[PDB]
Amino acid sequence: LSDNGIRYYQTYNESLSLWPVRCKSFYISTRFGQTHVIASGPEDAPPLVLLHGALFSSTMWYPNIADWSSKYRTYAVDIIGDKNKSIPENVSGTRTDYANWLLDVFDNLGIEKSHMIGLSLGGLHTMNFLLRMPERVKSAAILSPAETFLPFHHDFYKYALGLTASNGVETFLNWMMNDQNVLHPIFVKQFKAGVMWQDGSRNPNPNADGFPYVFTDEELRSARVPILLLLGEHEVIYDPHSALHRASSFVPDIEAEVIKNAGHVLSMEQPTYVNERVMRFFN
């Protein structure tokens, strides 16, 4: 770990101070590297897996974990290769690799079947997984997924490219959060330290067979596990209504909605609503 990486790890730990319940941080071994997991909830309760949005880490679930972990043994898994505490190894970058990584996580956590919640990148990993390992998923809540139904609008790339510039994180977040005062300052400090940390592990080369990815009509038609799709009305990475329409056109028996007064990071903007909505779906 470099000095920027040490500093990022520090900010991550401070961000856990926001976690309103007791949790345990630990590493699990996989074929693609040591994977960080935060576990919460009763040991004997049914399992729930959380996969975070890009660059945000597992720490982002602080406004949701008190409600979700009351009933489920919840595992917030740091996505291998993204900006967080997981340490990737031998990742070619294919959708198959990422699916196998998560399978190793389920396997090492003792999970047979589980409920899943993914936001942004985690939403894309969730769709990928349920399509490949359907017998391991009870049902899945996909929230503002990265691509999946529609390609990224070029605005996303324009703002993302300016992240690593003076005032780039503020600019990026203001665009994504619709200029709303939502994120706790401590978490923002972590997000920024992640952005500053650029000498860590290498990214896999861009790959048509990796992520981000838009599923074909026939791939969407093949979904076999129940899905809840939540999008925000103020989503900026693609048009939310168009995404819902494409999802509804092909994913059989989907439950889906565009949430008023929320955008992309809807789990942090409208936790009370989102917390109950997802729980209602899992029941």
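All residue numbers are counted from 1 along the displayed sequence.
Stretch comparison (201 to 209 versus 186 to 194) by mean CA B-factor in the PDB entry places 201 to 209 on top. Taking the PDB entry as given, 88 to 96 carries the higher mean Cα B factor of the two stretches 143 to 151 and 88 to 96.
Sorting 45, 214, 51, 48 by the CA temperature factor given in the entry leaves 45 at the top. Across the options 176, 121, 117, 127, the residue with the most elevated CA B-factor in the record is 176. The entry lists a Cα temperature factor for residue 12 that places it in the lowest third of the chain's modelled residues. The deposited CA B-factor of residue 246 belongs to the lowest third of values across its chain. For residue 112, the recorded CA B-factor ranks within the highest third of the chain. Only modelled residues enter the ranking.
The deposited CA B-factor of residue 31 belongs to the highest third of values across its chain. Annotation for residue 236: C-alpha temperature factor in the middle third relative to the rest of the modelled chain, per the entry.
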